[PDB]
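If you want the building blocks of each chain, they are given just below.
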There are 2 protein chains.
Amino acid sequence: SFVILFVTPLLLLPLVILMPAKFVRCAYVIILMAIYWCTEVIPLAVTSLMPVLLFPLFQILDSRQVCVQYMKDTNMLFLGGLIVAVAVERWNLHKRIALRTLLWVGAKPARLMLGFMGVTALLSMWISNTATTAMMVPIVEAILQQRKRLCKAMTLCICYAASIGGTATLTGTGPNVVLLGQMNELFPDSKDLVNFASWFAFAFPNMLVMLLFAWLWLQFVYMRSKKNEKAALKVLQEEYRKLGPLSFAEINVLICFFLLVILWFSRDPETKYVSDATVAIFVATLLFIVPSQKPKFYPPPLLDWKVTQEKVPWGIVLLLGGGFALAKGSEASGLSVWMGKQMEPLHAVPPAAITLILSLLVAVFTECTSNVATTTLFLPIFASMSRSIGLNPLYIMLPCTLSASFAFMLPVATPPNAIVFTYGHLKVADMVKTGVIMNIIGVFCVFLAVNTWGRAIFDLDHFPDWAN
Amino acid sequence: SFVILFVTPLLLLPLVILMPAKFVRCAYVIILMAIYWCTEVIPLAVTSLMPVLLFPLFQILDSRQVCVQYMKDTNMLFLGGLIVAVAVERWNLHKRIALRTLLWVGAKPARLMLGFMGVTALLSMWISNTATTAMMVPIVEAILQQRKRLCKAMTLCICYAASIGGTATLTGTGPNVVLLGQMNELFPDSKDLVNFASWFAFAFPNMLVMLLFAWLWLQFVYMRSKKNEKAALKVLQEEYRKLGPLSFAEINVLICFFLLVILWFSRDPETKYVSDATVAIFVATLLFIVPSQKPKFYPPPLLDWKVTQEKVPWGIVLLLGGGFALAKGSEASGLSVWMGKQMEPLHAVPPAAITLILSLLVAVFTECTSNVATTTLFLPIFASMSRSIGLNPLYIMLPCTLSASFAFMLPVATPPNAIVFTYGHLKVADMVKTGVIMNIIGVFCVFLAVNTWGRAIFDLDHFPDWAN
Ligand SMILES: *[C@@H]1O[C@H](CO)[C@@H](O)[C@H](O)[C@H]1NC(C)=O
Ligand SMILES: *[C@@H]1O[C@H](CO)[C@@H](O)[C@H](O)[C@H]1NC(C)=O
Ligand code: NA
Ligand code: NA
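Determination of this PDB entry was carried out by cryo-EM to a resolution of 3.04 Å, according to the record.

Per the PDB entry, chain A is named Solute carrier family 13 member 5, and its organism is Homo sapiens. Under its PDB header, the title given for this structure is "Structure of the NaCT-Citrate complex". One UniProt comment on chain A, placed under Sequence similarities, says "Belongs to the SLC13A/DASS transporter (TC 2.A.47) family. NADC subfamily."

The next point concerns the overall build of chain A. Tallying secondary structure elements over chain A gives 25 helices and 0 strands in all. Taken over the C-alpha trace, chain A has a radius of gyration of 23 Å; the compact-globule value for 468 residues is 23 Å, and the two agree within 12%. Referenced to the eigenvectors of the C-alpha coordinate spread, the extents of chain A come out at roughly 70 × 60 × 50 Å. Relative to its full complement of 468 residues, chain A shows a buried share of 58%. As presented, chain A carries roughly 19400 Å² of accessible surface, and 69% of it is formed by carbon and sulfur atoms.

Let us now look at the packing of helix α21 (residues 351–365) of chain B against helix α22 (residues 371–388) of chain B. Residue and element names in this part refer to chain B. Packing of α21 against α22 leaves a shortest axis separation of 11 Å and a crossing angle of 165°. When the axis of α21 is compared with that of α22, the two are roughly antiparallel. Seen from above, α21 lies across α22 with right-handed handedness. The residues of α22 that touch α21, namely those facing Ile354, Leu358, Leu361, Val362 and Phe365, are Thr374, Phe378, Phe382 and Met385. Its residues assigned to classes, the contact of α21 with α22 shows 8 nonpolar, 1 polar and no charged.

For the rest of this paragraph, the subject is unusual backbone geometry. All names here are of chain B. Not every positive phi belongs to a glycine, and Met19 is a case in point at roughly 35°. Examined against the element boundaries, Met19 turns out to sit in the loop between α2 (13–16) and α3 (22–38). Not every positive phi belongs to a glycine, and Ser128 is a case in point at roughly 60°. The residue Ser128 is located in the loop between α9 (109–124) and α10 (130–145) in this model.

Another point: the packing of helix α7 (residues 73–90) of chain B against helix α17 (residues 276–286) of chain B. All names here are of chain B. Remark: α7 packs on α17, axes separated minimally by 8 Å, with the N-to-C direction vectors making an angle of 30°. It follows that α7 is roughly parallel to α17 by the angle criterion. The hand of the α7/α17 crossing is left-handed. Between α7, through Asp73, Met76, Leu77, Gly80, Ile83 and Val84, and α17, the contact on the second element is made entirely by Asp276, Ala277, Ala280, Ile281, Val283 and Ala284. Residue composition of the contact of α7 with α17, grouped by class: 9 nonpolar, 1 polar and 2 charged.

Right, let's talk about the packing of aromatic side chains for a bit. Counted by the stated rule, this structure contains 33 aromatic pairs over all chains. Taking 5.9 Å as the distance between ring centres and 40° as the angle between the ring planes, the aromatic pair formed by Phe196(A) and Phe265(A) counts as tilted. A relative accessible area of 1% means that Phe196(A) is categorised as buried. Judged by relative accessible area, which is 29%, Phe265(A) ranks as partly exposed. Geometrically, the ring pair formed by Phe23(B) and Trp338(B) is stacked, given 5.5 Å between the ring centres and 10° between the ring planes. What makes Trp338(B) partly exposed here is its relative accessible area of 42%. Aromatic ring contacts, followed pair by pair, group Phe196(A), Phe200(A), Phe204(A), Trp264(A) and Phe265(A) into a single cluster.

A few words now on the state of the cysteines. A disulfide bridge is the covalent bond that connects two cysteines by way of their sulfur atoms. Residue and element names in this part refer to chain A. Enumeration over the complete set of coordinates arrives at 0 disulfides over all chains. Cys159 takes part in no disulfide bond, and the closest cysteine sulfur to it belongs to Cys157, at a distance of 8.1 Å. By relative accessible area, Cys159 is classed as buried at 1%. In this model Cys445 remains outside any disulfide bridge; the closest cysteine sulfur is found in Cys157, 16 Å from its own.

With that settled, consider the coordination of the sodium ion (ligand 3). All names here are of chain A. Coordination sphere of the sodium ion (ligand 3), protein contribution only: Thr366 (O), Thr366 (OG1), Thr369 (O), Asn371 (OD1) and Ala413 (O), at 2.2 to 3.1 Å. Donor residues for the sodium ion (ligand 3), ordered by position in the chain, follow T-x2-T-x1-N-x41-A. Taken together, the positions of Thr369 in the loop between α21 (351–365) and α22 (371–388) and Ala413 in the loop between α23 (394–404) and α24 (415–421) put the pair 44 residues apart, joining distant regions of the chain. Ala413 matches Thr369 in its accessibility class, with the two residues each being buried.

The subject of this paragraph is the pattern of salt bridges. Residue and element names in this part refer to chain B. Throughout the structure, instances matching the rule amount to 18 salt bridges over all chains. Across the salt bridge formed by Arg241 and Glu238, the nearest N and O atoms sit 2.5 Å from each other. Taken together, the residues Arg241 and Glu238, both in helix α15 (residues 233–243) and 3 residues apart, mark about one turn of the helix. Using a relative accessible area of 53% as the deciding quantity, one classes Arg241 as exposed.

Membership of the largest hydrophobic core comes to 277 residues, with the highest contact counts inside it found for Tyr160(A), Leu303(A), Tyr160(B) and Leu303(B). The residues touching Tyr160(A), leaving out its near neighbours within four places in the chain, are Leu218(A), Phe408(A), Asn417(A), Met431(A), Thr434(A), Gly435(A) and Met438(A).

With that settled, the discussion passes to the interface of chain B and chain A. Every contact between the two is made by 44 residues of chain B and, on the other side, 44 residues of chain A. The interface formed by chain B and chain A holds 4 residue pairs in polar contact in total. Those elements that place two or more of their residues in the side of chain B that touches chain A are α4 (44–47), α5 (50–54), α6 (63–67), α7, α17, α18 (305–310) and α19 (314–333) of chain B. With 5 residues, α17(B) is the largest single contributor of residues to the side of chain B that touches chain A. Taken together, the residues that form the side of chain B that touches chain A break down as 30 nonpolar, 9 polar and 5 charged.

Rules behind the numbers
- Residues numbered from 1 in each chain as written, not as in the entry; some residues may be left out.
- Chains lettered and ligands numbered in written order.
- Heavy atoms only, no water.
- UniProt positions renumbered as here; feature names shortened; annotations may be inferred.
- Helix = DSSP H or I, 4+ residues; strand = E, 2+ residues; numbered from the N terminus.
- Rg over C-alpha atoms; globule rule 2.2 N^0.38 Å.
- Buried < 20%, exposed > 50% of the residue type's maximum accessible area, 1.4 Å probe, protein only.
- Areas by Shrake-Rupley, 256 points an atom, 1.4 Å probe, with all protein chains shown as cover.
- Axes fitted to C-alpha atoms, helices over the stretch in contact; angles between N-to-C directions.
- Parallel < 35°, antiparallel > 145°, perpendicular 65-115°, else oblique.
- Left-handed = near helix turned anticlockwise from the far one by under 90°.
- Contact = heavy atoms within 4.5 Å.
- Nonpolar A, V, L, I, M, F, W, Y, C, P; charged D, E, K, R; others polar.
- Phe/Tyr/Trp six-rings, centres within 6.5 Å; stacked < 30°, edge-to-face > 60°.
- Disulfide = S-S within 2.5 Å.
- Donors = N, O, S within 2.8 Å, 3.2 Å for Na, K, Ca; no water.
- Salt bridge = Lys/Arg side-chain N within 4 Å of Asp/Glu carboxyl O.
- Core = buried A, V, L, I, M, F, W, Y, C linked by side-chain atoms within 4.5 Å.
- Polar contact = N/O pair within 3.5 Å; in protein donor to acceptor, adjacent residues only side chain to side chain.

Laid out in structure tokens, this is it:
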């Protein structure tokens, strides 16, 4: 069974060691790492460390040129975002925001589902999508204890909303960070063309329209009620009180978060040095000295180190670094130029079809693998193709990144779906039926976004000189 | 009180922003980070992230040139060592080795203390010194429940032995890794002159002699017994049984550890690419597929990801990276050349005095700060001095690294001393009296090592061209 998945490649190492052309060796590396990505027999971060273990033997890079690539500005940006998210989770803040929103919108099962989806998307924009599901699903259970075709709807709404809302912030989730990293590496002359501001402008409207379509679809398939308008409130309120009053530390973390947002947007409404990573580190550092209590001599802070050592996806960081290393090795060996020399005859094809086909393919493929793995595997190929056919790479690379998060079925695809299914009445057939359509929805919305307004944001109708 | 420690430096930022010479700005950065190092009001890894937050504003480096420096071959070497250590701790192996050794040596309070110190040093060579103390101190308590001048001796023996034994492996603890990193950065033409093999050869004899002197001293100050020969055995044996038999997974992790050691030594008893980091990653990766049980289809491994996400000092990794970034900024701005131009007139001095004085100073100073912080602050200065006075840098840099771990008092200096003091009868006066002398012992032993055999290992009698 699962033994061949790590012993069979040993057959090829003595065959590929000689192979008097390095792009073959890099290709074998990438294929092996993909096979391990899709199969979690071995973890992900572990496989992200293969490049240092393989590029040397294949005489591609040293252990220095490759290991230097495992931490760059993107990774520390993501790390700062994660730390801020940890501060938010530490104090039951996201629960307070959630309950306030739910009580404002009202308990009307239609508007109820709308509020759940909207707040889940807004929280997922910064707050580690799985965490939001963990926070919210107990609320749904508490509601429902007070139709087997209804529980499925809201339970799926949480996960779909989270996976969608994560695509509205450049931290958000892995794939967007991967896009930023590959843009920096493959296209360094594109110094700062895809930043937090521009990408947010591109993505947030797309997120909103996808969320609208999703709410409509899930209100169709499952729901084509005075107590549940009332006895749901008596649960929301009693859960609200348990948080207690406004909890002074919550205020300070909110202020720090607002400052982060303002600094990210403001710089980009000269010999620049001050990339967004500096801002993230600014606020993350600041989150260790602030008191969390009234000084009336600051014994108490609001964030210690032990929790953030416990609660941070470092494996994700190493995963990104593996992507960086793969891109560097491909650029060095000679594989990228080779692919760009094999994808020449696509010059006759309409690019819109290319974009749509590849986005659909990625949305399908991410439903078995992880999102970030899918992205970091696919993006360099599309980049080389775009360079070859006189096309702007972003045209292809943005929709792929937005699509890699479209894991709307297969609970193994993304943890949130697993968490939702763990509570029972969400038979996988329901998930597949409701997920394929939403994959299509997301693809169409993304294509609309790229061909409508992304043009002017990124100047996609012309062939930039930063893709020679 | 502790408020000025992070608000007073704000006075100087608008004063130092202009400062038409960049070495002043880098110096202010280093001073501030030192002040935060010595004062744990803010954690350590957080302060290690200041360089990305400061070098840009001071127009020294971008956010890319500096953030690229936070992960290099040294850090991943240390990470692999940490992961292997985690595998060891996972299965109660180090306890099994310990009990076997203790039962072999015997329960004779003299030889008992000797066995405790020796095994603690041997385990600390790879196994995260604090962990060994946590493992062993309960054993001492169990023994002693079955002289208030005796408990102090063994209780201090654990911590001293751990802090000494950590200086015998290039993973070991932070300072040695810092030395390797600074050698790579400041002196890159010294490609691989300080590796695991050479440094181990230099250090292990020094560790042995220091441990001998320490055992002698602690047998002097406190201890200038049939039951404790007997009723200690009835505790060791009954603790041994609780581990059960040899626990098949233990065997596999031992085999992996042996393979790691053999690969580290063997390569160094051509266009090299295969540095020790590759080996560490090799074995660390291997530690995720091995079964830990009889396959009789490998449901069970021996190391999952969640534990190593929980139990790994990542803050240490970021700390090292901060050291790397500081060194890069100093080399870029113009500060290193400036220091080398101010330390010219030391050409008239005997280098032996320089080495001894600086080693003593570092051994004193590390008893309030952390070891790794002390090292990464001090080493570039000594390097610049050595370049200036026609001297081999290693002469000065090795003893400083070995000395930074000589935290033989001030429980705040190093966690092991804190753990020992947490159990009571180790009044701080005793610790100081017994610790200053051992600082002197360590300094003398290190000086003997450098001036005796380190010469031939590193060719310290000549001025290498890799220090121009
Ligand atoms: C960059 O552009 C120039 C066109 O003048 C081209 O000759 C050169 O090969 C290109 N280099 C890369 C790395 O794309
Ligand atoms: C390296 O050595 C040469 C001596 O030929 C010296 O001129 C040059 O300045 C040195 N460069 C550095 C960076 O030490
Ligand atoms: Na997925
Ligand atoms: Na210390």
